[PDB]
Amino acid sequence: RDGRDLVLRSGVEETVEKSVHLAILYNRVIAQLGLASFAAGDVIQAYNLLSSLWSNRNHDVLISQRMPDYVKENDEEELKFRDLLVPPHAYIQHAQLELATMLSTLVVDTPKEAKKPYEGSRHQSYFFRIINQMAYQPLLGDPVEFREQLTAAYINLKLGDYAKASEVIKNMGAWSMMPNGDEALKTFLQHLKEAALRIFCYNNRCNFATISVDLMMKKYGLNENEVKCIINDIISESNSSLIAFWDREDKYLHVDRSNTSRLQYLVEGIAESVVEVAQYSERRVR
Amino acid sequence: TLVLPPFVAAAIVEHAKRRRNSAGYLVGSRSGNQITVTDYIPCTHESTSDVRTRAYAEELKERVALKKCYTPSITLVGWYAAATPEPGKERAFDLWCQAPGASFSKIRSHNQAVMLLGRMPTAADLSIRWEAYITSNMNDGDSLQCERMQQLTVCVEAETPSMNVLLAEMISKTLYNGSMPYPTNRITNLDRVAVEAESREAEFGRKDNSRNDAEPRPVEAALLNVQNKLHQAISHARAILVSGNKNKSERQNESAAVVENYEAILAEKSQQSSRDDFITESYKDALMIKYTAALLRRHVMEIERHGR
Amino acid sequence: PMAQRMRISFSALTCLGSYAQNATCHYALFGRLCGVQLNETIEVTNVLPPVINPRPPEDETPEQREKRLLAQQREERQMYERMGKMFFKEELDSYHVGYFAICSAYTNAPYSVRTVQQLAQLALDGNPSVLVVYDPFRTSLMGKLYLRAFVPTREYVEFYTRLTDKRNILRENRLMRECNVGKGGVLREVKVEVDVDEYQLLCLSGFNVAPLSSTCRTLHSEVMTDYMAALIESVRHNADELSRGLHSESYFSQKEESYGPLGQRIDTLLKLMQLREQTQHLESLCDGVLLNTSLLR
Amino acid sequence: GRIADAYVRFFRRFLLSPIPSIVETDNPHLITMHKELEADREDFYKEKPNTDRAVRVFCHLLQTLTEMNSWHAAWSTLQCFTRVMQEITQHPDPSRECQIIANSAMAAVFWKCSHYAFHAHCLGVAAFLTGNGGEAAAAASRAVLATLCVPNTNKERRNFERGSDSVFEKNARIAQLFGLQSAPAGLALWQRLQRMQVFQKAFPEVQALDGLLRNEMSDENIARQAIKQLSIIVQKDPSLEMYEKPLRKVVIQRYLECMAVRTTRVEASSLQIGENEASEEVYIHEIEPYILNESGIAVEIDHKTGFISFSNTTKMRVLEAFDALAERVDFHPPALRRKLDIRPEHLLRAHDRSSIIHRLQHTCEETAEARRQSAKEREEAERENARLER
């Protein structure tokens, strides 16, 4: 909070444009702020700060290390990107930033279904994944690795449930690396519960959910909560396609969606009508 | 078992004719116990005078064909020839014997050919118009290789083409016909009958009429109204304490079953579930868009008229 | 001219199957229609394709040109192997009677106007060549399975002496355009299924007896019972294709805050046809769904 | 992996020499190098040990154990291994032994990954070639896996479709080496097993187990318990025990299919919970999610007042349609029959007219006219070209 407040107040974002040492500093502080936001334990501002730093450029010499292309083979011009700056004994940890970025993206972006705005993902890695390393192929499986843990976690988080996603994450191979603790893990775990519940409803053919009552807390899958404040906020709505006649007394949801596919069909017919209407408006001017 | 598409067969009737005698080379591929002859092409050979074999001729033809292709899913499989199928005979048999051996060209994977004899004239007294054979013994050199023939049955595809030809034939009770717009819908009792009526209706002239139709709309309406009234009559005929003999027995049992099924569906339906009503609503959506399409056509027609 | 009454042995997929062997789906003009004059009619017996693909990633000079040259040579060889025999005595087959596009979303304006009608229908009088567009199973079974046969328009010295222009404020442009359109061909039509081939005979002889007829009967019954599954496949996808086609029409004619350039007057592609086709497919769907639920009522 | 894979590839598998390219260019001694290489490849096929095959099988097993793919080099090994495994060239005795060694190596690794259609193929290939004794017992057991998986291709989960298509395309590609061109499944897997000795042999108990797993069964839980007992012991195989985890899953999916089919809809849940097997063994904590997540087909599964509703299949409507169809006035059986008769009658008439039999004259007349017309058209085209050219 304090770092973000000071940078935005002091108006120091137009002195980093020219003066090249200050730029690297600028990148260094933006990265650190996004890491700190992640690691005491919310997704946003952490997603916003960190995504902005990334994605783009490749190309990252910009805090550390690394040299661009190309450099260092050529020639005597090495000494520009090896003197702007980079400073030593810092960086701050590579890896840690990457975990923060990918995890932040996963919580935000997966809930941007309704269903079917289908969706060009907003990260450099994420868009790549389907063509790249998820794909449909590599040979043939088979997590757990390393980074394909994150891919496995994304598959589990989408559907299903939750439990599998937690198992890959908590555990194994990835987390323990944060020096800002267990605290960050607990916050992130709660965020995973919230967004796993959010995605899980949509979905469920074509609904029903709260199956049952008490089980809904229990399996989705942390005990036993606010209960009502968490469950109501996640379900609610009403925006977009309808859910609910929700009866909170018996804790039963009587969706009556009417309907998934028919809504889309009507949307296509509306879309076609607006083009034709506009086309014919121009013709009556002419 | 020789698999032939049916465009192939029509082509063979054209190629069999008109000129005396014609022959050609047949191509395709093979899979296991089936040989798929998928195409062919002709050549100028006289099969009743030992022309142009040799087996220089076979080699030359093969090279030319290969050049024309390359795809390995049309490879040379064998020869087609206009008649003789054993009066006669010997000339056709002789051409075959000559062809393998001097050359040994080309495309094989077993010592082979396939022979299709086409009857040149249209005959059916005892004649079989396309006859299929596959070499057996198969001496692999005897002078230039000789043969005896195992008869193979001719058969057709696979999926859509064969079915399409058959369906087209079936239609004919009025018209003889493609598959064309407007029709068909095909869930029968009722749709098929409607389609038949439509076909009869369509063409009389494209039109000696203004105002209003009485042809298909009362044929469809009559069939539906007859079905309703008839079903009521049959059920009523049961409804006098008889389950046996009245209609033969037999109508009554069917009607009773229909009543029970509809009632059961209705009871289950509302409310968990609505489903046939929702299907009716998606029909209304479709109908609304059909109205919109008609309206778009009318708007375009006004602009078209005002711009011509 | 050499296009008067077209005899089609189609239902056995005379040319469509020949194309299908060389693959499909495809999205552009793909070849020539071959056939020959016989008794009363021209029977369209055969099709052959030149194949041009320029290596789309990444071009840069000469490969596109090379491919076109190669394609022409390949085409000549293919044509010759059928043509040559004909020349020598008779055989058959000869003789260019059309061009063909395989299963494209719609045939747009430069395919007809600039790849056919540009100078190859001003070098031909009476238009003996007919441009055929096929969209069958890819737009759903029935009501689509035949066929567009177009007589491609255009004689074309009334807006070509110099040179080709449009406004932006139509009136002058249109008048010339109308004259060009008239000769032709707007979309206009060629007779189909009005002949008895007598070459159908081998297919008629087949089969019957026995696995064919038996399988077909069983299949027909199964379809008649069914109707559930293919509803999903049809209906939604058609709306998407229609929307995609129409929103192109809108861009084309309403362009975009201003004016024409319109067609100037409209159309040599498929706009009017698509609106009619949309009405007919929807009517067929509505009647079948209606009948299903009336039988349950 | 890479280095080694290249080594074999460079060696016999595919050669060209490489290099030469004859002449001698300008550099001597090329002949000696070429000769040595030729001699070595020749020596390999077959001088009788392939300890090579054993080492290659060993390494690939280790390779997928490790962690377990990445972009890795497991795939490149398998493509190289498939190339090597086309021993041909020489035959049969040594080559056959190598093949048995080879095709076990492959099939096992599939299980570790996912996967299991390729496993089913490779085990049936393995069982074709060996099957006396120890080998026979192993082959017989592996049967269970083949039956167990692969009764479906594609499918699930919406959003998703593009991914499914891509996966299918990839499966087809793997297929190629390997030696089909599409992924193996279903009926064909069963059919090839019946044609050989490899389901016949086999053991009776395993065949009967397959029997239970592949047809419709009911009461389900009793059957499931029997299946479990057989897996644990009979035929005293450890392969069965390790297969038991998908097997346990799969019987539920079969039960769900049977219930939907028979049976317009049913109140399922309690029976399923029970089936998993008694009590102090359930919390529906995880048992009910396993039931909800499982389904081989898109259906409703979803209720919260207890039990499960389905809304498919709609058997009653189909039955109603048939009853209605039958009578009716009569109408459909007579109509159908008349049409059926009509197509042969018409066909016969047309055929006869063309032939001899009603006419003969018509065909001849048409042919004569046709020849004249064809000639004229051809001539016109020829004349036009000639005139233009000159």
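Chains as they are written, first to last, in the numbering used here: chain A, 10 to 295; chain B, 1419 to 1726; chain C, 158 to 454; chain D, 2 to 391.
Using N, Cα and C, we set each Cβ at its ideal position, and we do this for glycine too.
Collapsing the DSSP output to three states places A/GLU235 in coil. Assignment of alpha helix (DSSP H) within the region 258 to 325 of chain D, counting only whole runs of 4 or more residues, yields 270 to 278, 288 to 294 in chain order. DSSP places A/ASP256 in the strand class (E or B) of the three-state scheme. The Cβ atoms of B/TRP1548 and B/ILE1430 sit closer than 8 Å to each other.
Between the beta-carbon of C/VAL201 and that of C/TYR176 there is about 12 Å, and that puts the pair past the 8 Å contact cut.
Closer than 8 Å to the CB of B/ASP1703 there is at least one CB belonging to chain A. Residue-level contact by beta carbon holds for B/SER1700 and chain A, with a gap shorter than 8 Å. The region 243 to 288 of chain C contains, as complete beta strand (DSSP E) runs of 3+ residues, the segments 253 to 259 (chain order).
In the structure shown, the three-state DSSP call for C/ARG189 is strand.
At the C-beta level, D/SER310 and D/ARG266 come within 8 Å of one another. Taking 8 Å as the upper bound for CB-CB distance, C/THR198 and C/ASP322 are not in contact here, some 41 Å apart.
B/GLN1563: not part of any beta strand (DSSP E); DSSP gives it neither H nor E. Close to A/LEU148, with beta-carbon spacing below 7 Å, are these residues of chain D in chain order: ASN70, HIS73, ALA75, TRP76. Spanning the alpha carbons of B/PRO1579 and C/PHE167 requires a straight line of approximately 10 Å. Unbroken beta strand (DSSP E) stretches of 3 residues or longer found wholly inside the region 1478 to 1522 of chain B: 1493 to 1500, given in chain order.
When beta bridges are read from the DSSP output, C/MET163 appears opposite C/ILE199. Listed by position along chain A, the residues whose Cβ is nearer than 9 Å to that of B/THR1710 are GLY278, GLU281, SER282, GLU285. For a Cβ distance threshold of 7 Å, residue set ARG158 of chain D lies close to A/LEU168, ordered along the chain. In this chain, B/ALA1550 is not harboured by any alpha helix (DSSP H); it is covered by the beta strand (DSSP E) spanning 1548 to 1554.
For A/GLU157, not one C-beta of chain C is nearer than 8 Å to its own C-beta. Contact of A/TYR274 with chain C by beta-carbon distance below 9 Å involves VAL392, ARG393, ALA396. Nearest C-alpha to B/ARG1437 among C/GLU248, C/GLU215, C/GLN178, C/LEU190: C/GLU248. Here D/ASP44 is exposed: its Cβ has fewer than 16 other Cβ atoms, across all protein chains shown, within 10 Å. By the Cβ rule, the region 252 to 272 of chain A counts as touching the region 235 to 244 of chain A, because three or more pairs are nearer than 8 Å. At a Cβ-Cβ threshold of 8 Å, A/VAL117 and A/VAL52 count as neighbours. Interface residue (Cβ-Cβ distance to chain D less than 8 Å): C/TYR252 is classified as such. Membership of D/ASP166 in the alpha helix (DSSP H) is indicated by the continuous run 163 to 177.
In the DSSP secondary-structure assignment, B/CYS1573 is bridged to B/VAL1421. In the displayed model, B/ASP1468 falls within coil according to three-state DSSP, outside both helix and strand. Assignment of A/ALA48 by DSSP, reduced to helix, strand and coil, places it in the coil class. In the three-state reduction of the DSSP assignment, C/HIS183 falls in the coil class. In this structure, C/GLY420 sits away from C/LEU327, with a CB-CB distance that is not shorter than 8 Å. In this structure, D/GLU217 is the residue among D/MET107, D/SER232, D/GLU217, D/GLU25 with its C-alpha nearest to the C-alpha of D/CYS259. Taking a beta-carbon distance threshold of 8 Å, D/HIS352 counts as an interface residue toward chain C. At a cut-off of 8 Å between C-beta atoms, B/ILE1707 counts as an interface residue with respect to chain A. C/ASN449 places its beta carbon less than 8 Å from that of B/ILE1605.
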